[PDB]
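Trainee: A single structure is presented below for examination.
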Amino acid sequence: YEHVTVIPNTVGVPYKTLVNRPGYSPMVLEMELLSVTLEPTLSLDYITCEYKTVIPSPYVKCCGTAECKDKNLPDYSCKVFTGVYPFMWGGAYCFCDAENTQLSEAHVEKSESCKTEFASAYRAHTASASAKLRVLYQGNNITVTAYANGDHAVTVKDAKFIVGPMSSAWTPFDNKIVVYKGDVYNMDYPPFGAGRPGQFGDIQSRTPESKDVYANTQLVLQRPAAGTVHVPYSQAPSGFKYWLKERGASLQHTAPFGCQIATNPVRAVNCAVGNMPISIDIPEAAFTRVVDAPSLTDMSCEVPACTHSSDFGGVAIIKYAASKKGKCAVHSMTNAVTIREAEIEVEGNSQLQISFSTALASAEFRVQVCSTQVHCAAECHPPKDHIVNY
Amino acid sequence: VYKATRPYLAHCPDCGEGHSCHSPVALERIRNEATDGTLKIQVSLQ
């Protein structure tokens, strides 16, 4: 028998489902989906980190004019300064008074820190939804791990489970994302070879092992001081260092629906988004016939204690007169109230105690023990909250 | 490796009281990538 139901996509909330196979005693199944993971497919565009300014010894051409050649290097800067007369500890470096030139050279590469301190630019597309669950099946807890696509059958204790498809295809990760250690950011990052100086992407490396890097850092070489051998320069400060302080709060703090964000791999956890359909093909052996199950008669219900809250604040005592000894399923016929226990051991001319949860001050509900219903009248009082820490 | 290399004199903008000199303790590069606050300082001497 195939039982089809729909539960909201919320982890840590046990849901009760009534399985009613015609000519067979009702079956109560408790279903709870712990974690819900939304892992998007990533495509690495580039890596960014703090840049490094490689400045070799300046070419001081004594009595001659140096020539700048166009070098294919990131942020390559070359400038030949005329009328230079530099000094060292033991006097002038050049024989000539005039006609001495200094060739200043500079280029930008990845810093030594790039393997340790870096941000990754990813293209996020089509999030794969996965769930961890728990089913109270035949008085025992069974764990079913399946893809929430509606086309992945997982069989546990002869019961076939088909989870999904997810009502929401949402994945907390726009098309373009940026990852730094344990933090994920939704950012429309500049493409490779389009990074601006002093901003995220001033230096771009396709992979962290890449040899040739892109660089656009506002490197401008300045004229050296009179009689001084040095390479003065003006440069836009590190875009990665600037982003580290300007990034703001990560997705773990800003994402709606109380999403928890994790890395390695990047995923949205507990993104309570939408609902989840559940299909359970329960085998014939699990079911017990109405004749084989005890018959409930002369039923009465009393509520000695009730508090309307999120947890099971209500207590109900149900008196009965059972035809034989056996297991009976307990289920609330009113959607306003939910019962904690799914199965109770029935005896004879005895009584049973149940725990229930409701939000109503005046709770009117029907309890189905096996195949017979009993009306419960409850006057539930407000809780202290206040505030609770779960 | 120090049999091939040697300490040197290089330009320093302030050798004391804001005056420039050919320093035997000239500063080359100060690295501050360490998040623990440790500074890796490069000097002209050995």
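By order in the structure tokens, chains are A, B, ...; within a chain, residues start at 1; ligands start at 1, following the order shown.
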Write out as an MDAnalysis selection string which residues come within 12 Å of range 78-87 of chain A when counting only C-alpha atoms, dropping same-chain ones fewer than 6 positions away.

Mentor: (chainID A and resid 55:56 58:72 93:107 219:233) or (chainID B and resid 9:11 21:22)

Trainee: Residues of chain A near chain B: apply a cut-off of 10 Å, count only C-alpha atoms, and supply the list as a PyMOL selection string.

Mentor: chain A and resi 50+87-90+111-114+116-117+228-230

Trainee: Excluding residue 267 in chain A and residues on its chain fewer than 2 positions from it, collect all residues at most 7 Å away from it, counting only C-alpha atoms, and give them as an MDAnalysis selection string.

Mentor: chainID A and resid 37:40 261:263 265 269

Trainee: Which neighbours of residue 237 in chain A fall inside 12 Å, counting only C-alpha atoms, when residues of the same chain fewer than 6 positions from it are skipped, and could you give them as an mmCIF file with N, CA and C atoms, in the first residue's frame?

Mentor:
data_model
loop_
_atom_site.group_PDB
_atom_site.id
_atom_site.type_symbol
_atom_site.label_atom_id
_atom_site.label_comp_id
_atom_site.auth_asym_id
_atom_site.auth_seq_id
_atom_site.Cartn_x
_atom_site.Cartn_y
_atom_site.Cartn_z
ATOM 1 N N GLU A 50 46.046 39.067 -1.800
ATOM 2 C CA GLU A 50 46.871 40.265 -1.706
ATOM 3 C C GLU A 50 47.964 40.186 -2.777
ATOM 4 N N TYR A 51 48.217 41.293 -3.485
ATOM 5 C CA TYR A 51 49.242 41.314 -4.525
ATOM 6 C C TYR A 51 50.630 41.591 -3.940
ATOM 7 N N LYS A 52 51.679 41.340 -4.736
ATOM 8 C CA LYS A 52 53.068 41.603 -4.385
ATOM 9 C C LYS A 52 53.694 42.431 -5.501
ATOM 10 N N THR A 53 54.688 43.787 -5.372
ATOM 11 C CA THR A 53 55.242 44.697 -6.370
ATOM 12 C C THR A 53 56.715 44.329 -6.547
ATOM 13 N N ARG A 196 39.274 46.029 -11.212
ATOM 14 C CA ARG A 196 39.644 47.432 -11.011
ATOM 15 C C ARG A 196 40.691 47.638 -9.891
ATOM 16 N N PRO A 197 41.525 48.712 -9.949
ATOM 17 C CA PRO A 197 42.521 48.936 -8.880
ATOM 18 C C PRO A 197 41.888 49.288 -7.535
ATOM 19 N N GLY A 198 42.473 48.757 -6.457
ATOM 20 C CA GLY A 198 41.999 48.971 -5.093
ATOM 21 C C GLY A 198 40.686 48.292 -4.753
ATOM 22 N N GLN A 199 40.170 47.471 -5.678
ATOM 23 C CA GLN A 199 38.903 46.766 -5.533
ATOM 24 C C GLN A 199 39.102 45.257 -5.683
ATOM 25 N N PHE A 200 38.070 44.469 -5.301
ATOM 26 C CA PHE A 200 38.060 43.009 -5.406
ATOM 27 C C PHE A 200 38.329 42.619 -6.864
ATOM 28 N N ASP A 202 41.632 43.171 -8.264
ATOM 29 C CA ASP A 202 42.765 43.983 -8.744
ATOM 30 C C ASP A 202 43.885 43.063 -9.250
ATOM 31 N N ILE A 203 43.956 41.860 -8.660
ATOM 32 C CA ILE A 203 44.828 40.754 -9.031
ATOM 33 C C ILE A 203 43.932 39.509 -9.169
ATOM 34 N N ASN A 216 45.835 44.827 -12.393
ATOM 35 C CA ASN A 216 45.437 46.197 -12.688
ATOM 36 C C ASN A 216 45.415 46.922 -11.344
ATOM 37 N N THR A 217 46.600 47.369 -10.899
ATOM 38 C CA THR A 217 46.803 48.018 -9.603
ATOM 39 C C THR A 217 47.183 49.501 -9.705
ATOM 40 N N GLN A 218 47.060 50.404 -10.005
ATOM 41 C CA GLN A 218 47.409 51.801 -10.293
ATOM 42 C C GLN A 218 48.887 52.094 -9.983
ATOM 43 N N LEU A 219 49.780 51.201 -10.455
ATOM 44 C CA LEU A 219 51.226 51.319 -10.275
ATOM 45 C C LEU A 219 51.751 52.441 -11.170
ATOM 46 N N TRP A 243 38.585 44.508 0.413
ATOM 47 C CA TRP A 243 37.370 43.695 0.441
ATOM 48 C C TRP A 243 37.172 43.017 1.800
#

Trainee: Rounded to one decimal in Å, what is the spacing between CA of residue 140 in chain A and CA of residue 162 in chain A?

Mentor: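 CA of residue 162 in chain A lies at a distance of 19.8 Å from CA of residue 140 in chain A.
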
Trainee: Expressed in Å to a single decimal, how great is the separation between CA of residue 119 in chain A and CA of residue 180 in chain A?

Mentor: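 Value for the CA of residue 119 in chain A-CA of residue 180 in chain A distance: 4.7 Å.
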
Trainee: I'd like to know which of A:358, A:309, A:168, A:138 is closest to residue 344 in chain A, using only C-alpha atoms.

Mentor: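 Selected residue with least distance to residue 344 in chain A: A:138.
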
Trainee: Excluding residue 174 in chain A and any residue of its chain fewer than 2 positions from it, enumerate the residues within 8 Å of it, using only C-alpha atoms, and give them as a ChimeraX atom specification.

Mentor: /A:124,171-172,176-177,186-187
